[PDB]
Amino acid sequence: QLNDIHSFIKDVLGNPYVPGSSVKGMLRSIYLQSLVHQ
RNA sequence: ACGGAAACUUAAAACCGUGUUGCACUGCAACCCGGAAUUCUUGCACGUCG
């Protein structure tokens with residue numbers, strides 16, 4: 001059946017957030033990635 | 001055979017004995033080891049499922 005479950009990042013109380021490093025790394029996959037269009 | 005001829009001015013004896021170049025006196029009074037320098041800038045927990 002359903003096995004053991006992974007973990008998201010939380011702050012100090014179980015309250016989660018999207019990381020700032022990933023949303024900085026999100027746009028690292030954008031501005032170089034977009035306008036290469038040999 | 002010259003008032004002539006002989007003779008030491010000589011022998012010993014400590015310029016010694018008592019006596020501090022000594023007594024009173026800060027190598028002391030005043031000062032900062034003190035002022036100006038980002039532990040920083042590049043960095044996604046993810047590729048992987050008959």
# chains A, B, ... in the order shown; residues from 1 in each chain; ligands from 1
$ closest_atom_pairs --of "chain A" --to "chain B" --cutoff "7 Å" --atoms "only C-alpha atoms (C1' of nucleotides)" --output "Markdown table"
| residue | atom | partner | partner_atom | distance |
| --- | --- | --- | --- | --- |
| A:21 | CA | B:44 | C1' | 6.3 |
| A:22 | CA | B:44 | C1' | 4.0 |
| A:25 | CA | B:44 | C1' | 4.2 |
| A:26 | CA | B:44 | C1' | 6.2 |
$ select_by_dssp --residues "chain A" --states "alpha helix (DSSP H)" --output "PDB file with N, CA, C and O atoms, in the first residue's frame"
ATOM      1  N   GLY A  20      13.015  30.327  -0.771  1.00  0.00           N
ATOM      2  CA  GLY A  20      13.533  31.432  -1.555  1.00  0.00           C
ATOM      3  C   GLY A  20      14.635  31.008  -2.499  1.00  0.00           C
ATOM      4  O   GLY A  20      14.794  31.590  -3.575  1.00  0.00           O
ATOM      5  N   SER A  21      15.405  29.990  -2.118  1.00  0.00           N
ATOM      6  CA  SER A  21      16.493  29.528  -2.969  1.00  0.00           C
ATOM      7  C   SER A  21      15.962  28.861  -4.230  1.00  0.00           C
ATOM      8  O   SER A  21      16.535  29.025  -5.311  1.00  0.00           O
ATOM      9  N   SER A  22      14.855  28.121  -4.115  1.00  0.00           N
ATOM     10  CA  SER A  22      14.270  27.489  -5.292  1.00  0.00           C
ATOM     11  C   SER A  22      13.598  28.508  -6.202  1.00  0.00           C
ATOM     12  O   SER A  22      13.703  28.399  -7.428  1.00  0.00           O
ATOM     13  N   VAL A  23      12.921  29.509  -5.634  1.00  0.00           N
ATOM     14  CA  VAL A  23      12.311  30.532  -6.476  1.00  0.00           C
ATOM     15  C   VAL A  23      13.345  31.519  -6.997  1.00  0.00           C
ATOM     16  O   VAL A  23      13.034  32.304  -7.900  1.00  0.00           O
ATOM     17  N   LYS A  24      14.563  31.512  -6.452  1.00  0.00           N
ATOM     18  CA  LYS A  24      15.687  32.111  -7.160  1.00  0.00           C
ATOM     19  C   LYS A  24      16.241  31.153  -8.206  1.00  0.00           C
ATOM     20  O   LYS A  24      16.646  31.584  -9.292  1.00  0.00           O
ATOM     21  N   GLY A  25      16.242  29.855  -7.912  1.00  0.00           N
ATOM     22  CA  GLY A  25      16.636  28.872  -8.900  1.00  0.00           C
ATOM     23  C   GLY A  25      15.601  28.586  -9.958  1.00  0.00           C
ATOM     24  O   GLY A  25      15.932  27.971 -10.975  1.00  0.00           O
ATOM     25  N   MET A  26      14.353  28.997  -9.732  1.00  0.00           N
ATOM     26  CA  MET A  26      13.343  28.920 -10.780  1.00  0.00           C
ATOM     27  C   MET A  26      13.686  29.864 -11.921  1.00  0.00           C
ATOM     28  O   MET A  26      13.710  29.464 -13.090  1.00  0.00           O
ATOM     29  N   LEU A  27      13.972  31.123 -11.590  1.00  0.00           N
ATOM     30  CA  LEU A  27      14.305  32.116 -12.600  1.00  0.00           C
ATOM     31  C   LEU A  27      15.710  31.928 -13.153  1.00  0.00           C
ATOM     32  O   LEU A  27      16.036  32.512 -14.192  1.00  0.00           O
ATOM     33  N   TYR A  31      15.883  32.960 -17.695  1.00  0.00           N
ATOM     34  CA  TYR A  31      16.398  34.047 -18.529  1.00  0.00           C
ATOM     35  C   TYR A  31      17.498  33.573 -19.472  1.00  0.00           C
ATOM     36  O   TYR A  31      17.587  34.046 -20.610  1.00  0.00           O
ATOM     37  N   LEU A  32      18.348  32.654 -19.020  1.00  0.00           N
ATOM     38  CA  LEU A  32      19.230  31.977 -19.960  1.00  0.00           C
ATOM     39  C   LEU A  32      18.453  31.031 -20.857  1.00  0.00           C
ATOM     40  O   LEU A  32      18.802  30.859 -22.027  1.00  0.00           O
ATOM     41  N   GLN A  33      17.386  30.443 -20.334  1.00  0.00           N
ATOM     42  CA  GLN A  33      16.715  29.353 -21.023  1.00  0.00           C
ATOM     43  C   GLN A  33      15.820  29.844 -22.152  1.00  0.00           C
ATOM     44  O   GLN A  33      15.627  29.126 -23.139  1.00  0.00           O
ATOM     45  N   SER A  34      15.291  31.061 -22.038  1.00  0.00           N
ATOM     46  CA  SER A  34      14.214  31.489 -22.924  1.00  0.00           C
ATOM     47  C   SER A  34      14.728  31.902 -24.301  1.00  0.00           C
ATOM     48  O   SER A  34      14.391  31.280 -25.313  1.00  0.00           O
TER      49      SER A  34
END
$ decode --residues "range 11-37 of chain A" --atoms "N, CA, C and O atoms" --output "CSV table (one decimal), in the first residue's frame"
chain,number,residue,atom,x,y,z
A,11,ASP,N,9.0,26.0,8.9
A,11,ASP,CA,9.8,27.0,9.5
A,11,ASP,C,10.4,26.5,10.9
A,11,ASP,O,11.5,26.1,11.0
A,12,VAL,N,9.5,26.5,11.9
A,12,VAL,CA,9.9,26.1,13.3
A,12,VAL,C,8.7,25.4,13.9
A,12,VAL,O,8.9,24.7,14.9
A,13,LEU,N,7.5,25.5,13.3
A,13,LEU,CA,6.3,25.0,14.0
A,13,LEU,C,5.5,24.0,13.1
A,13,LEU,O,4.4,23.7,13.4
A,14,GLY,N,6.1,23.5,12.0
A,14,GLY,CA,5.4,22.8,11.0
A,14,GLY,C,4.7,23.7,10.0
A,14,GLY,O,4.0,23.2,9.1
A,15,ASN,N,5.0,25.0,10.0
A,15,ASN,CA,4.4,25.9,9.1
A,15,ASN,C,5.2,26.0,7.8
A,15,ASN,O,6.4,26.5,7.9
A,16,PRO,N,4.8,25.6,6.7
A,16,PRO,CA,5.7,25.5,5.5
A,16,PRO,C,5.7,26.7,4.7
A,16,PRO,O,5.0,27.7,4.9
A,17,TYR,N,6.6,26.7,3.7
A,17,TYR,CA,6.9,27.8,2.8
A,17,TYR,C,7.6,27.3,1.5
A,17,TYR,O,8.3,26.3,1.6
A,18,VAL,N,7.4,28.0,0.4
A,18,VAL,CA,8.2,27.7,-0.8
A,18,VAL,C,9.5,28.3,-0.5
A,18,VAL,O,9.6,29.4,0.1
A,19,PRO,N,10.6,27.6,-0.8
A,19,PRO,CA,11.9,28.2,-0.5
A,19,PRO,C,12.3,29.4,-1.4
A,19,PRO,O,11.9,29.4,-2.5
A,20,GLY,N,13.0,30.3,-0.8
A,20,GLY,CA,13.5,31.4,-1.6
A,20,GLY,C,14.6,31.0,-2.5
A,20,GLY,O,14.8,31.6,-3.6
A,21,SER,N,15.4,30.0,-2.1
A,21,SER,CA,16.5,29.5,-3.0
A,21,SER,C,16.0,28.9,-4.2
A,21,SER,O,16.5,29.0,-5.3
A,22,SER,N,14.9,28.1,-4.1
A,22,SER,CA,14.3,27.5,-5.3
A,22,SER,C,13.6,28.5,-6.2
A,22,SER,O,13.7,28.4,-7.4
A,23,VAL,N,12.9,29.5,-5.6
A,23,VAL,CA,12.3,30.5,-6.5
A,23,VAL,C,13.3,31.5,-7.0
A,23,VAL,O,13.0,32.3,-7.9
A,24,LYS,N,14.6,31.5,-6.5
A,24,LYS,CA,15.7,32.1,-7.2
A,24,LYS,C,16.2,31.2,-8.2
A,24,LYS,O,16.6,31.6,-9.3
A,25,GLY,N,16.2,29.9,-7.9
A,25,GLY,CA,16.6,28.9,-8.9
A,25,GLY,C,15.6,28.6,-10.0
A,25,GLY,O,15.9,28.0,-11.0
A,26,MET,N,14.4,29.0,-9.7
A,26,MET,CA,13.3,28.9,-10.8
A,26,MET,C,13.7,29.9,-11.9
A,26,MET,O,13.7,29.5,-13.1
A,27,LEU,N,14.0,31.1,-11.6
A,27,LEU,CA,14.3,32.1,-12.6
A,27,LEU,C,15.7,31.9,-13.2
A,27,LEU,O,16.0,32.5,-14.2
A,28,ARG,N,16.5,31.1,-12.5
A,28,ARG,CA,17.8,30.7,-13.1
A,28,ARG,C,17.5,29.7,-14.3
A,28,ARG,O,18.4,29.6,-15.1
A,29,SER,N,16.4,29.1,-14.3
A,29,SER,CA,15.9,28.3,-15.4
A,29,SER,C,15.1,29.0,-16.4
A,29,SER,O,14.3,28.4,-17.1
A,30,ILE,N,15.2,30.4,-16.4
A,30,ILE,CA,14.3,31.2,-17.3
A,30,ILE,C,15.1,32.0,-18.2
A,30,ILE,O,15.0,31.9,-19.5
A,31,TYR,N,15.9,33.0,-17.7
A,31,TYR,CA,16.4,34.0,-18.5
A,31,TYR,C,17.5,33.6,-19.5
A,31,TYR,O,17.6,34.0,-20.6
A,32,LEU,N,18.3,32.7,-19.0
A,32,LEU,CA,19.2,32.0,-20.0
A,32,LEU,C,18.5,31.0,-20.9
A,32,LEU,O,18.8,30.9,-22.0
A,33,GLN,N,17.4,30.4,-20.3
A,33,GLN,CA,16.7,29.4,-21.0
A,33,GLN,C,15.8,29.8,-22.2
A,33,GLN,O,15.6,29.1,-23.1
A,34,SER,N,15.3,31.1,-22.0
A,34,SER,CA,14.2,31.5,-22.9
A,34,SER,C,14.7,31.9,-24.3
A,34,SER,O,14.4,31.3,-25.3
A,35,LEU,N,15.6,32.9,-24.4
A,35,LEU,CA,15.9,33.6,-25.6
A,35,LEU,C,17.1,33.1,-26.3
A,35,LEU,O,17.8,33.8,-27.0
A,36,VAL,N,17.4,31.8,-26.2
A,36,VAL,CA,18.3,31.1,-27.1
A,36,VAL,C,17.7,31.0,-28.5
A,36,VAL,O,18.5,31.1,-29.5
A,37,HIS,N,16.4,30.9,-28.6
A,37,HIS,CA,15.7,31.0,-29.9
A,37,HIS,C,15.8,32.3,-30.6
A,37,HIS,O,15.2,33.3,-30.2
